[PDB]
$ cat protein31.pdb   # PDB, C-alpha atoms
ATOM      1  CA  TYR A 108       4.734  -9.275 -37.131  1.00  0.00           C
ATOM      2  CA  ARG A 109       4.573 -12.974 -38.028  1.00  0.00           C
ATOM      3  CA  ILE A 110       4.162 -15.865 -35.582  1.00  0.00           C
ATOM      4  CA  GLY A 111       5.225 -19.428 -36.331  1.00  0.00           C
ATOM      5  CA  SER A 112       6.232 -22.532 -34.410  1.00  0.00           C
ATOM      6  CA  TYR A 113       8.880 -23.625 -36.934  1.00  0.00           C
ATOM      7  CA  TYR A 114      12.477 -22.601 -36.191  1.00  0.00           C
ATOM      8  CA  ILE A 115      13.199 -21.796 -39.849  1.00  0.00           C
ATOM      9  CA  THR A 116      14.281 -18.388 -41.124  1.00  0.00           C
ATOM     10  CA  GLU A 117      11.920 -16.541 -43.452  1.00  0.00           C
ATOM     11  CA  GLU A 118      14.635 -16.433 -46.131  1.00  0.00           C
ATOM     12  CA  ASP A 119      15.464 -20.144 -45.805  1.00  0.00           C
ATOM     13  CA  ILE A 120      14.541 -22.637 -48.520  1.00  0.00           C
ATOM     14  CA  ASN A 121      12.192 -24.434 -46.132  1.00  0.00           C
ATOM     15  CA  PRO A 122      10.442 -21.132 -45.230  1.00  0.00           C
ATOM     16  CA  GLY A 123       8.769 -18.849 -47.766  1.00  0.00           C
ATOM     17  CA  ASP A 124      12.243 -17.760 -48.928  1.00  0.00           C
ATOM     18  CA  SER A 125      11.466 -14.033 -49.098  1.00  0.00           C
ATOM     19  CA  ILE A 126      11.886 -10.942 -46.930  1.00  0.00           C
ATOM     20  CA  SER A 127      14.098 -10.625 -43.841  1.00  0.00           C
ATOM     21  CA  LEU A 128      13.117 -12.625 -40.754  1.00  0.00           C
ATOM     22  CA  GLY A 129      13.564 -10.949 -37.380  1.00  0.00           C
ATOM     23  CA  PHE A 130      12.840 -12.146 -33.869  1.00  0.00           C
ATOM     24  CA  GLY A 131       9.745 -10.609 -32.285  1.00  0.00           C
ATOM     25  CA  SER A 132       9.241 -10.164 -28.551  1.00  0.00           C
ATOM     26  CA  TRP A 133       5.836 -10.088 -26.865  1.00  0.00           C
ATOM     27  CA  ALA A 134       2.442  -9.990 -28.592  1.00  0.00           C
ATOM     28  CA  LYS A 135       1.296  -7.321 -31.040  1.00  0.00           C
ATOM     29  CA  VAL A 136      -1.109  -4.765 -29.540  1.00  0.00           C
ATOM     30  CA  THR A 137      -3.528  -2.858 -31.767  1.00  0.00           C
ATOM     31  CA  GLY A 138      -2.766   0.854 -31.961  1.00  0.00           C
ATOM     32  CA  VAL A 139      -5.261   2.688 -29.753  1.00  0.00           C
ATOM     33  CA  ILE A 140      -4.811   1.227 -26.261  1.00  0.00           C
ATOM     34  CA  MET A 141      -1.854  -0.001 -24.206  1.00  0.00           C
ATOM     35  CA  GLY A 142      -3.611  -1.977 -21.485  1.00  0.00           C
ATOM     36  CA  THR A 143      -3.654  -1.123 -17.787  1.00  0.00           C
ATOM     37  CA  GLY A 144      -5.361   2.178 -17.089  1.00  0.00           C
ATOM     38  CA  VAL A 145      -7.449   3.065 -14.023  1.00  0.00           C
ATOM     39  CA  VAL A 146      -8.796   0.556 -11.493  1.00  0.00           C
ATOM     40  CA  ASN A 147     -12.340   1.712 -12.122  1.00  0.00           C
ATOM     41  CA  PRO A 148     -12.419   2.363 -15.894  1.00  0.00           C
ATOM     42  CA  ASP A 149     -11.005   5.836 -16.508  1.00  0.00           C
ATOM     43  CA  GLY A 150      -8.091   4.987 -18.791  1.00  0.00           C
ATOM     44  CA  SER A 151      -4.427   5.979 -18.643  1.00  0.00           C
ATOM     45  CA  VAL A 152      -2.283   7.678 -21.304  1.00  0.00           C
ATOM     46  CA  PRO A 153      -1.342   5.084 -23.957  1.00  0.00           C
ATOM     47  CA  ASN A 154       1.721   4.927 -26.191  1.00  0.00           C
ATOM     48  CA  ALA A 155       1.917   4.878 -29.983  1.00  0.00           C
ATOM     49  CA  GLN A 156       4.313   4.972 -32.943  1.00  0.00           C
ATOM     50  CA  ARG A 157       6.134   2.068 -34.602  1.00  0.00           C
ATOM     51  CA  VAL A 158       9.651   0.976 -33.612  1.00  0.00           C
ATOM     52  CA  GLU A 159       9.573   3.602 -30.848  1.00  0.00           C
ATOM     53  CA  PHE A 160      11.038   2.231 -27.602  1.00  0.00           C
ATOM     54  CA  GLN A 161       9.022   3.576 -24.664  1.00  0.00           C
TER      55      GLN A 161
ATOM     56  CA  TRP B 215      -2.182  19.383  63.511  1.00  0.00           C
ATOM     57  CA  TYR B 216       0.061  22.238  64.634  1.00  0.00           C
ATOM     58  CA  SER B 217       2.179  20.098  67.007  1.00  0.00           C
ATOM     59  CA  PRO B 218       0.894  22.058  70.026  1.00  0.00           C
ATOM     60  CA  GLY B 219       1.974  20.717  73.401  1.00  0.00           C
ATOM     61  CA  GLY B 220      -0.867  20.576  75.878  1.00  0.00           C
ATOM     62  CA  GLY B 221      -0.477  22.176  79.276  1.00  0.00           C
ATOM     63  CA  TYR B 222      -1.778  19.130  81.156  1.00  0.00           C
ATOM     64  CA  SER B 223      -3.367  16.717  78.665  1.00  0.00           C
ATOM     65  CA  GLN B 224      -1.732  14.865  75.767  1.00  0.00           C
ATOM     66  CA  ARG B 225      -3.127  14.870  72.219  1.00  0.00           C
ATOM     67  CA  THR B 226      -2.892  11.115  71.668  1.00  0.00           C
ATOM     68  CA  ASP B 227      -5.596  11.121  68.961  1.00  0.00           C
ATOM     69  CA  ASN B 228      -3.311  12.715  66.333  1.00  0.00           C
ATOM     70  CA  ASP B 229      -0.462  10.925  64.565  1.00  0.00           C
ATOM     71  CA  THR B 230       1.595  11.224  61.389  1.00  0.00           C
ATOM     72  CA  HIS B 231       1.210   8.583  58.693  1.00  0.00           C
ATOM     73  CA  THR B 232       4.277   6.683  57.482  1.00  0.00           C
ATOM     74  CA  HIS B 233       3.179   4.705  54.403  1.00  0.00           C
ATOM     75  CA  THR B 234       0.305   5.028  51.958  1.00  0.00           C
ATOM     76  CA  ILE B 235      -2.668   2.651  51.928  1.00  0.00           C
ATOM     77  CA  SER B 236      -3.344   0.643  48.765  1.00  0.00           C
ATOM     78  CA  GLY B 237      -7.010   0.300  47.854  1.00  0.00           C
ATOM     79  CA  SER B 238      -9.047  -1.285  45.087  1.00  0.00           C
ATOM     80  CA  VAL B 239     -10.220   1.141  42.399  1.00  0.00           C
ATOM     81  CA  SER B 240     -13.283   0.947  40.148  1.00  0.00           C
ATOM     82  CA  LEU B 241     -13.316   0.421  36.378  1.00  0.00           C
ATOM     83  CA  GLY B 242     -11.710   2.836  33.933  1.00  0.00           C
ATOM     84  CA  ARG B 243     -11.536   3.439  30.190  1.00  0.00           C
ATOM     85  CA  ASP B 244     -13.357   0.893  28.032  1.00  0.00           C
ATOM     86  CA  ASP B 245     -11.587   0.940  24.652  1.00  0.00           C
ATOM     87  CA  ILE B 246     -10.213   3.214  21.919  1.00  0.00           C
ATOM     88  CA  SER B 247     -12.325   5.283  19.514  1.00  0.00           C
ATOM     89  CA  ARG B 248     -12.699   4.978  15.745  1.00  0.00           C
ATOM     90  CA  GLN B 249      -9.575   4.895  13.576  1.00  0.00           C
ATOM     91  CA  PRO B 250      -9.038   5.551   9.856  1.00  0.00           C
ATOM     92  CA  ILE B 251      -8.598   2.676   7.391  1.00  0.00           C
ATOM     93  CA  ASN B 252      -7.046   3.025   3.937  1.00  0.00           C
ATOM     94  CA  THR B 253      -5.631   6.164   2.292  1.00  0.00           C
ATOM     95  CA  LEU B 254      -8.006   8.770   0.860  1.00  0.00           C
ATOM     96  CA  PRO B 255      -5.244  10.475  -1.168  1.00  0.00           C
ATOM     97  CA  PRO B 256      -4.739   7.191  -3.064  1.00  0.00           C
ATOM     98  CA  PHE B 257      -8.431   6.585  -3.834  1.00  0.00           C
ATOM     99  CA  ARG B 258      -9.258   6.726  -7.557  1.00  0.00           C
ATOM    100  CA  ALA B 259      -5.542   7.017  -8.387  1.00  0.00           C
ATOM    101  CA  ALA B 260      -4.697   5.820 -11.893  1.00  0.00           C
ATOM    102  CA  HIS B 261      -2.300   2.858 -11.995  1.00  0.00           C
ATOM    103  CA  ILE B 262      -0.468   1.641 -15.102  1.00  0.00           C
ATOM    104  CA  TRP B 263      -0.456  -2.156 -15.417  1.00  0.00           C
ATOM    105  CA  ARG B 264      -0.113  -2.740 -19.175  1.00  0.00           C
ATOM    106  CA  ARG B 265       2.312  -5.516 -20.100  1.00  0.00           C
ATOM    107  CA  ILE B 266       5.192  -5.156 -22.559  1.00  0.00           C
TER     108      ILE B 266
END
$ encode --input "protein31.pdb" --output "C-alpha cells"
Amino acid sequence: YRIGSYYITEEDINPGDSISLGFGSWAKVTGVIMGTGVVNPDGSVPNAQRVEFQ
Amino acid sequence: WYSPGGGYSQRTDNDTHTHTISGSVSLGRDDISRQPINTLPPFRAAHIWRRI
C-alpha cells in the first residue's frame, strides 16, 4: 500500500516509473486486530489474510 | 320486608328504593411499583464496530 496526493500513475514518467499502480480503498490495518470488539474490552474475532474479501 | 299486609295498621316505615345514592369515597392506590430498565440478556454482549 502506497499513499500519495499526486494524481500520477506509478508507471508514469512523472512518478517513479516502476511497478503497477492500483487504487487503494480505506487505510491499511496492521495484521493482528480489526477494530471494534466488546464495549468493555473483551475483544471480538478479527479477520486476517491478504486480498481476502471478508 | 316480606310485603305483609297488616290487619289494622299500615307499615308506612318500609319502602323500596328506586335509584342509588352517589357518595364521596376516600383515597385509593398511590402509584405503580418498580419496573425493569434495560435488557439483561444484552448486557456484556460483544458488538462489532470495526471500520472497513
$ residues_around --input "protein31.pdb" --residues "residue 129 in chain A" --least-positions-apart "4" --cutoff "12 Å" --atoms "only C-alpha atoms" --output "MDAnalysis selection string"
chainID A and resid 108:111 114:118
$ atom_distance --input "protein31.pdb" --atom1 "CA of residue 255 in chain B" --atom2 "CA of residue 152 in chain A"
20.5 Å
$ resolve_selection --input "protein31.pdb" --expression "the PyMOL selection byres ((chain A) within 10 of (chain B))" --output "list in words"
residues 132, 133, 134, 135, 136, 140, 141, 142, 143, 144, 145, 146, 147, 148, 149, 150, 151, 152, 153 and 161 of chain A
$ residues_around --input "protein31.pdb" --residues "residue 217 in chain B" --least-positions-apart "5" --cutoff "10 Å" --atoms "only C-alpha atoms" --output "JSON, numbers by chain"
{"B": [225, 228, 229]}
$ atom_distance --input "protein31.pdb" --atom1 "CA of residue 126 in chain A" --atom2 "CA of residue 154 in chain A"
28.0 Å
$ atom_distance --input "protein31.pdb" --atom1 "CA of residue 160 in chain A" --atom2 "CA of residue 112 in chain A"
26.1 Å
$ build_atoms --input "protein31.pdb" --residues "range 224-243 of chain B" --atoms "N, CA and C atoms" --output "PDB file, in the coordinates of the input"
ATOM      1  N   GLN B 224      -2.568  15.285  76.886  1.00  0.00           N
ATOM      2  CA  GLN B 224      -1.732  14.865  75.767  1.00  0.00           C
ATOM      3  C   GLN B 224      -2.639  14.528  74.594  1.00  0.00           C
ATOM      4  N   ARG B 225      -2.344  15.107  73.431  1.00  0.00           N
ATOM      5  CA  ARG B 225      -3.127  14.870  72.219  1.00  0.00           C
ATOM      6  C   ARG B 225      -2.677  13.547  71.613  1.00  0.00           C
ATOM      7  N   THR B 226      -3.224  12.453  72.136  1.00  0.00           N
ATOM      8  CA  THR B 226      -2.892  11.115  71.668  1.00  0.00           C
ATOM      9  C   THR B 226      -3.750  10.661  70.494  1.00  0.00           C
ATOM     10  N   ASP B 227      -4.717  11.470  70.068  1.00  0.00           N
ATOM     11  CA  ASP B 227      -5.596  11.121  68.961  1.00  0.00           C
ATOM     12  C   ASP B 227      -5.077  11.597  67.611  1.00  0.00           C
ATOM     13  N   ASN B 228      -3.901  12.218  67.568  1.00  0.00           N
ATOM     14  CA  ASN B 228      -3.311  12.715  66.333  1.00  0.00           C
ATOM     15  C   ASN B 228      -1.963  12.042  66.124  1.00  0.00           C
ATOM     16  N   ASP B 229      -1.717  11.583  64.899  1.00  0.00           N
ATOM     17  CA  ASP B 229      -0.462  10.925  64.565  1.00  0.00           C
ATOM     18  C   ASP B 229      -0.153  11.165  63.096  1.00  0.00           C
ATOM     19  N   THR B 230       1.122  11.021  62.750  1.00  0.00           N
ATOM     20  CA  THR B 230       1.595  11.224  61.389  1.00  0.00           C
ATOM     21  C   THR B 230       1.714   9.882  60.676  1.00  0.00           C
ATOM     22  N   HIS B 231       1.147   9.807  59.476  1.00  0.00           N
ATOM     23  CA  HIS B 231       1.210   8.583  58.693  1.00  0.00           C
ATOM     24  C   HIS B 231       2.625   8.352  58.174  1.00  0.00           C
ATOM     25  N   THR B 232       2.962   7.081  57.969  1.00  0.00           N
ATOM     26  CA  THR B 232       4.277   6.683  57.482  1.00  0.00           C
ATOM     27  C   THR B 232       4.258   6.134  56.066  1.00  0.00           C
ATOM     28  N   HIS B 233       3.285   5.292  55.730  1.00  0.00           N
ATOM     29  CA  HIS B 233       3.179   4.705  54.403  1.00  0.00           C
ATOM     30  C   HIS B 233       1.752   4.847  53.895  1.00  0.00           C
ATOM     31  N   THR B 234       1.616   4.903  52.573  1.00  0.00           N
ATOM     32  CA  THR B 234       0.305   5.028  51.958  1.00  0.00           C
ATOM     33  C   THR B 234      -0.462   3.712  52.058  1.00  0.00           C
ATOM     34  N   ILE B 235      -1.776   3.804  51.870  1.00  0.00           N
ATOM     35  CA  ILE B 235      -2.668   2.651  51.928  1.00  0.00           C
ATOM     36  C   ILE B 235      -3.132   2.334  50.513  1.00  0.00           C
ATOM     37  N   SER B 236      -2.952   1.085  50.098  1.00  0.00           N
ATOM     38  CA  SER B 236      -3.344   0.643  48.765  1.00  0.00           C
ATOM     39  C   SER B 236      -4.787   0.156  48.809  1.00  0.00           C
ATOM     40  N   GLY B 237      -5.616   0.687  47.919  1.00  0.00           N
ATOM     41  CA  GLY B 237      -7.010   0.300  47.854  1.00  0.00           C
ATOM     42  C   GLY B 237      -7.405  -0.105  46.451  1.00  0.00           C
ATOM     43  N   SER B 238      -8.521  -0.822  46.363  1.00  0.00           N
ATOM     44  CA  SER B 238      -9.047  -1.285  45.087  1.00  0.00           C
ATOM     45  C   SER B 238      -9.835  -0.162  44.426  1.00  0.00           C
ATOM     46  N   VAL B 239      -9.555   0.080  43.146  1.00  0.00           N
ATOM     47  CA  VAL B 239     -10.220   1.141  42.399  1.00  0.00           C
ATOM     48  C   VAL B 239     -11.313   0.541  41.525  1.00  0.00           C
ATOM     49  N   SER B 240     -12.200   1.391  41.013  1.00  0.00           N
ATOM     50  CA  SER B 240     -13.283   0.947  40.148  1.00  0.00           C
ATOM     51  C   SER B 240     -12.769   0.781  38.718  1.00  0.00           C
ATOM     52  N   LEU B 241     -13.688   0.595  37.774  1.00  0.00           N
ATOM     53  CA  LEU B 241     -13.316   0.421  36.378  1.00  0.00           C
ATOM     54  C   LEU B 241     -12.821   1.745  35.794  1.00  0.00           C
ATOM     55  N   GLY B 242     -12.246   1.664  34.596  1.00  0.00           N
ATOM     56  CA  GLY B 242     -11.710   2.836  33.933  1.00  0.00           C
ATOM     57  C   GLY B 242     -12.152   2.959  32.490  1.00  0.00           C
ATOM     58  N   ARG B 243     -11.218   3.306  31.605  1.00  0.00           N
ATOM     59  CA  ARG B 243     -11.536   3.439  30.190  1.00  0.00           C
ATOM     60  C   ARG B 243     -11.927   2.087  29.606  1.00  0.00           C
TER      61      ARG B 243
END
